[PDB]
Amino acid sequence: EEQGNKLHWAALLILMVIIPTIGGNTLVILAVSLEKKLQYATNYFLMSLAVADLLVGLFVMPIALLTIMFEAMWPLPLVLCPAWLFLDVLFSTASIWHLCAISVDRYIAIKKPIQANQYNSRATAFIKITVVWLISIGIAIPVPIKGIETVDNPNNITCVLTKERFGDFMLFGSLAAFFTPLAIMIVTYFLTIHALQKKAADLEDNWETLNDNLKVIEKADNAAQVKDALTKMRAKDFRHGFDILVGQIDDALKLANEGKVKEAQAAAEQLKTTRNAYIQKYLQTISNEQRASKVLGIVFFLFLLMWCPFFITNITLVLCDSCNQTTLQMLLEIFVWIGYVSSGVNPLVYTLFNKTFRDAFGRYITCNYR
């Protein structure tokens, strides 16, 4: 009885994990770098996430792949062991916290439509990116500092974190790298649902007010009613609609003061084609916001879902004393790769819902770059 040979698994992983990861993230980086249209603040998150996922595919996965074909033994120099473990925890944690930063960033966009200057957005973006990387470095730093337990005649050292030396880090590190942002994203999810629901209402409320007052105006016999039902209505591109409407209200009110109801009611008629222009525009944005938020929700949920097996089994392998550790480890060795896949192809799947990105990709796969 023997372990056997796992060459076919290695081949499989090279085919359906590493290549997808590298190719996908490369495409995203190329897209953002080449396309002028795509060079705005919020896409710099994506580029930062892409690099993180790209580096996992270049430096982390192939070593993880080596360790699979040479047992617990560590063929590389010992010094590269804590380094590989550092980069692994670093990049993996970064990809998760990146999605949390995007989630919250997108919520604030919906809630606070104003204050969206690109000039500020770029700086603010960079700051956020840097914070995410700082949080990642923070979470990953215990590994190299603690070091690995160290030889007789040869070196029989296995490159792995032990439950005796890193049980806490595994527990609190898991809490820090996965469950915290998960909670944050859940809260953000519900805040976003509430935000949109709230947004939809106020619009219908103002529609109602306008319609009601216009109804009052169009049936008015005297001037007092017209003048009365006009002040109630009086309550860069954003302020333009305000100036226009308020201007028209004042124009009609100026006629109402004159006592020319026939003129005012006619001026009020023009307000219909005016409200229909801004209500139909404002009511259109929330639709896109809703569709977008739904897509991001599903996609991000799938990402989070594919990481559960690892961190849950991780904490269980630490806490559960009665559980069979052999099977738990055997499971972990798979769940690690399921996680690698998750983070590996995430940015691509996400950006594939954008026509610009998607077209760019289509042009890049045929090797045009023009």
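So that there is no doubt, residue numbering starts at 1 and follows the sequence shown.
According to the entry, the deposited sequence runs straight from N211 to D212 with no unmodelled residues in between. In terms of unmodelled positions of the deposited sequence, the chain runs continuously from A266 to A267 in this entry.
As the entry records it, the average C-alpha temperature factor is higher for 65-73, out of 340-348 and 65-73. Mean CA B-factor, 317-325 versus 43-51: the higher value falls on 317-325. Within the group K232, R122, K199, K163, the record's highest C-alpha temperature factor is found at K232. When the C-alpha B-factors of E289, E258, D88, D105 are read from the PDB record, the largest value belongs to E258. When the CA B factors of the chain's modelled residues are split into thirds, the value for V299 lands in the lowest one. Per the PDB record, residue ranking by Cα B-factor puts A220 in the highest third of the chain. Per-chain ranking of the deposited C-alpha B factor places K236 in the highest third. Sorting the modelled residues of the chain by their CA temperature factor places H98 in the lowest third. In this PDB entry, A177 carries a Cα temperature factor that places it within the lowest third of its chain's modelled residues.
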